[PDB]
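In: quick one, what's the 3D model for this:
(one chain, ligands or ions: 1)
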Amino acid sequence: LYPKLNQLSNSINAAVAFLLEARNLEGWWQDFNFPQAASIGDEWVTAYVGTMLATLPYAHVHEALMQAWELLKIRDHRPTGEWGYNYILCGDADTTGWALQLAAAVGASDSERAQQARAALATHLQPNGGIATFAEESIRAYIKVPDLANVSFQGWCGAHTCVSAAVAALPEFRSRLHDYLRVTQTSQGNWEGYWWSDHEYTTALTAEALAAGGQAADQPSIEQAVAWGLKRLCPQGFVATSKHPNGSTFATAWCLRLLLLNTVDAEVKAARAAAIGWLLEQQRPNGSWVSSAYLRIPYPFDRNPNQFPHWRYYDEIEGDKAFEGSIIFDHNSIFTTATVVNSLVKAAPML
Ligand SMILES: CC(C)=CCC/C(C)=C/CC/C(C)=C/CC/C(C)=C/Cc1cc(C(=O)O)cc(O)c1O
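Out: Residues are numbered from 1 along each chain as shown. Dropping the coordinates below:
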């Protein structure tokens, strides 16, 4: 089926063109907004989008990633050597983790800044063997809200499965985070993230990290995650959520990445074909995909955001509004598009 492969090419090329044109003056990828507060993310989004595009074999994409890495090196204002949501935010383990994946793609894992950043990641390792997003002193020093002045930050500064999964993509950390990632798997075979509504994100990344480890003992856990991924994907080739009952592009893209970890099962191959089919049909004329990268802001004290039923979408809230207990999305559609195009490139050869 050469027409379906040619459409994947045309779809991927349209998405890459959108992403390259979507960069700002300096050349940053920007997405998400905390209006009249944390403002727009760059360091994080650029680190993620750069890592997503690393799978492309194009020379002009690699040039964009080398510029992305140069822009990150210039962000050297934090004494830890970490990267944050944007300039004004303190360093976090997730951003730093994604920046180190981009570093590896541009052959800069051995660089001074990469070594300093990897060293800083080690401080975020918790007793239970997981990675915490924030150090309490850093995030408290930034936050200047009266309501959250002397509240607990053990939610934001506790070990997170979503961040631990992403950081475990780094070979230096995969072995240390292994045991934490194994015990945090649910009976249904999936994982649950802290900052993300869609479990497919954390499930795909954890399974990929375990797969990269190459340990036979982890294969049953991977196969149980794939089986869960197959249940989540409906016959029409999309992941249905409460928000998007006719399919989330973000969740489906990550589910498609999860299903690449089984390459023998005929039913899994058929599901991937269905997922590619739907994603191709959903792509907008400008090459982007409709924003569905839902980032939630738990209360600083909340360790269990998956047990928080009061989630509201920040932009739909009538009246004066706080970010705590609210969900924000990628308004530029750069985070979503980067996720989808990455999944389509990795999935194309397994048709
Ligand atoms: C971990 C990840 C998925 C990506 C790595 C990048 C991260 C850290 C993504 C998470 C989302 C968060 C919380 C990012 C920091 C920004 C912030 C502390 C937002 C809340 C807030 C701010 C302010 C304020 O700016 O003053 C006032 C608030 O009331 C308020 O809730």
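In: the longest helix anywhere in the chain - contacts with which helices or strands?
Out: Assignment by DSSP state H gives helix 2-21 as the longest helix of the chain. Packing partners of helix 2-21 (3 or more C-beta pairs under 8 Å, 6 or more residues apart in numbering; DSSP states H and E): helix 43-53, helix 59-74, helix 266-282, helix 334-347. For the C-beta atoms, the positions are set from N, CA and C on the backbone; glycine is no exception.
In: and those: which comes nearest residue 145?
Out: Closest approach to residue 145 among those (C-beta to C-beta): helix 43-53, 21.1 Å.
In: and the residue of the stretch 201-350 of the chain nearest the ligand?
Out: residue 323 (3.4 Å; C-beta to the nearest ligand atom).
In: contacts only, for that residue.
Out: By C-beta atoms under 8 Å, 6 or more residues apart in numbering, the contact set of residue 323 is 34, 37, 297, 314.
In: how far away from the center of its chain is stretch 344-351?
Out: Counting by C-alpha atoms, centre = their mean, to the nearest Å, stretch 344-351 is centred 19 Å from the centre of its parent chain.
In: how about the residues of the stretch 1-150 of the chain near the ligand?
Out: Residues of the stretch 1-150 of the chain lying close to the ligand by C-beta under 6 Å from any ligand atom are 34, 37, 38, 44, 85, 89, 92, 94, 95, 133, 143, 145.
In: residues near the residue nearest to residue 236 when sequence neighbours are not counted, how many?
Out: Leaving aside its sequence neighbours, residue 236 sits nearest to residue 278 (C-beta to C-beta, 6 or more residues apart in numbering; 6.4 Å). By the criterion of other C-beta atoms under 10 Å, residue 278 has 20 neighbours.
In: name the residues that touch the longest helix of the chain?
Out: The contact list for helix 2-21 (C-beta under 8 Å, 6+ apart) reads 29, 49, 53, 56, 58, 60-61, 64, 276, 279-280, 283, 286-289, 334, 337-338, 340-341, 344-345, 348, 351.
In: past it, which element shows up next along the chain?
Out: Sequence order places strand 31-34 as the next helix or strand after helix 2-21, per DSSP states H and E.
In: show me what that next one is packed up against.
Out: strand 39-41, strand 326-328, helix 334-347.
In: so which elements touch the first one?
Out: Okay, so that is strand 39-41. Counting contacts by 3+ C-beta pairs under 8 Å, 6+ apart, strand 39-41 is packed against strand 31-34.
In: with only the CA atoms kept, save the strand it packs on in CSV.
Out: C-alpha atoms of strand 31-34 as CSV (Å, rounded to 0.1, in the frame of the first residue of the first chain):
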residue,chain,number,x,y,z
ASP,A,31,3.2,26.5,24.0
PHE,A,32,0.9,26.5,27.1
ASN,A,33,0.0,29.8,29.0
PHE,A,34,-0.5,30.7,32.7
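In: residues in contact with the residue nearest to residue 236?
Out: 236, 237, 238, 247, 252.
In: could you check how far the closest residue in space to the third one that isn't next to it in sequence is from residue 241?
Out: I take that to be residue 238. With sequence-adjacent residues excluded and distances taken as C-beta to C-beta, 6+ apart, residue 238 is closest to residue 247, at 3.0 Å. Per C-beta to C-beta, to the nearest Å, residue 247 is found 8 Å from residue 241.
In: over to residue 219?
Out: Counting by C-beta to C-beta - residue 219 and residue 241 are separated by 29 Å.
In: so between those two, which is more surrounded?
Out: The residue with more neighbours, out of residue 219 and residue 241, is residue 241; 20 against 13, by other C-beta under 10 Å.
In: show me the contacts for the more buried one.
Out: So residue 241 contacts 197, 198, 248, 251 (C-beta under 8 Å, 6+ apart).
In: then residue 34?
Out: Residues near residue 34 by C-beta under 8 Å, 6+ apart: 323, 328.
In: got the buried residues for stretch 178-187?
Out: Neighbour counts using 16 or more other C-beta atoms under 10 Å place 178, 180, 181, 184, 185 of stretch 178-187 among the buried residues.
In: next, the distance between the ends of it.
Out: 18 Å (C-alpha to C-alpha, to the nearest Å).
In: with stretch 311-330 instead?
Out: 17 Å.
In: could you look up the next helix or strand downstream of the strand or helix carrying residue 221?
Out: Element membership of residue 221 [criterion: DSSP H and E] is helix 219-232. Downstream of helix 219-232, the next assigned helix or strand under DSSP H and E is strand 233-234.
In: just checking, next helix/strand downstream of that following strand?
Out: strand 238-239.
In: against which helices or strands is that next one packed?
Out: Counting contacts by 3+ C-beta pairs under 8 Å, 6+ apart, strand 238-239 packs against helix 249-259.
In: and the helix it packs on, anywhere near the ligand?
Out: No - Helix 249-259 is not in contact with the ligand by C-beta under 6 Å from any ligand atom; minimum separation 12.7 Å.
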